[PDB]
Amino acid sequence: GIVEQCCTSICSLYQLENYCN
Amino acid sequence: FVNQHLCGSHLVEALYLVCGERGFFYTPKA
């Protein structure tokens, strides 16, 4: 999930947008 | 801003700024 991709590892705009509605 | 470790409120604010009016969903325990 988002925590694994952005908190435990370095986040990215590509990944963040996967969580926008 | 976006290219770093973002946790808790820091991650939530990044989603808020990036998604804008589209909104977003935050799920810690996925």
# chains A, B, ... in the order shown; residues from 1 in each chain; ligands from 1

$ residues_around --residues "residue 15 (chain A)" --least-positions-apart "2" --cutoff "8 Å" --atoms "only C-alpha atoms" --output "number ranges by chain"
A: 2, 5-6, 11-13, 17-19

$ closest_atom_pairs --of "chain B" --to "chain A" --cutoff "7 Å" --atoms "only C-alpha atoms" --output "CSV"
residue,atom,partner,partner_atom,distance
B:2,CA,A:12,CA,5.9
B:3,CA,A:12,CA,5.3
B:4,CA,A:10,CA,4.9
B:5,CA,A:7,CA,4.7
B:6,CA,A:7,CA,4.7
B:7,CA,A:7,CA,4.8
B:15,CA,A:16,CA,6.4
B:19,CA,A:20,CA,5.2
B:22,CA,A:21,CA,5.5
B:23,CA,A:21,CA,5.5
B:24,CA,A:20,CA,4.1
B:25,CA,A:19,CA,5.9
B:28,CA,A:3,CA,6.1
B:30,CA,A:1,CA,5.3

$ write_last_selection --atoms "N, CA and C atoms" --output "short mmCIF file (atom, residue, chain, number, x, y, z; two decimals), in the first residue's frame"
data_model
loop_
_atom_site.label_atom_id
_atom_site.label_comp_id
_atom_site.auth_asym_id
_atom_site.auth_seq_id
_atom_site.Cartn_x
_atom_site.Cartn_y
_atom_site.Cartn_z
N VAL B 2 7.62 15.96 -2.59
CA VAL B 2 7.11 14.63 -2.95
C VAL B 2 8.14 13.49 -2.94
N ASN B 3 9.37 13.80 -3.34
CA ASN B 3 10.41 12.79 -3.43
C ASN B 3 11.24 12.55 -2.19
N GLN B 4 10.58 11.97 -1.19
CA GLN B 4 11.19 11.68 0.10
C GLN B 4 10.30 10.68 0.83
N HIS B 5 10.70 10.32 2.05
CA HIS B 5 9.89 9.42 2.87
C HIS B 5 8.81 10.30 3.47
N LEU B 6 7.56 9.96 3.19
CA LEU B 6 6.42 10.72 3.69
C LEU B 6 5.58 9.80 4.55
N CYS B 7 5.50 10.12 5.84
CA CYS B 7 4.74 9.31 6.78
C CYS B 7 3.75 10.13 7.59
N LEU B 15 -0.68 14.21 -0.26
CA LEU B 15 -1.83 13.73 -1.03
C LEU B 15 -2.82 14.87 -1.23
N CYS B 19 -3.46 15.85 -5.11
CA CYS B 19 -4.77 15.48 -5.63
C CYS B 19 -5.76 16.64 -5.81
N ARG B 22 -9.77 16.73 -6.69
CA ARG B 22 -10.13 15.35 -7.00
C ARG B 22 -10.35 14.58 -5.70
N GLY B 23 -9.63 14.97 -4.66
CA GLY B 23 -9.72 14.28 -3.39
C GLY B 23 -8.80 13.07 -3.43
N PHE B 24 -8.81 12.29 -2.36
CA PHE B 24 -7.95 11.12 -2.29
C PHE B 24 -8.43 10.17 -1.20
N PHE B 25 -7.81 9.00 -1.16
CA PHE B 25 -8.12 8.03 -0.12
C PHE B 25 -6.82 7.62 0.56
N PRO B 28 -3.80 3.18 5.56
CA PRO B 28 -2.58 2.71 6.22
C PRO B 28 -2.44 1.19 6.15
N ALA B 30 -3.36 -1.55 4.35
CA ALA B 30 -3.88 -1.99 3.06
C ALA B 30 -3.88 -3.52 2.90
#

$ select_by_dssp --residues "chain A" --states "helix (DSSP H, G or I)" --output "list in words"
residues 2, 3, 4, 5, 6, 13, 14, 15, 16, 17, 18 and 19 of chain A
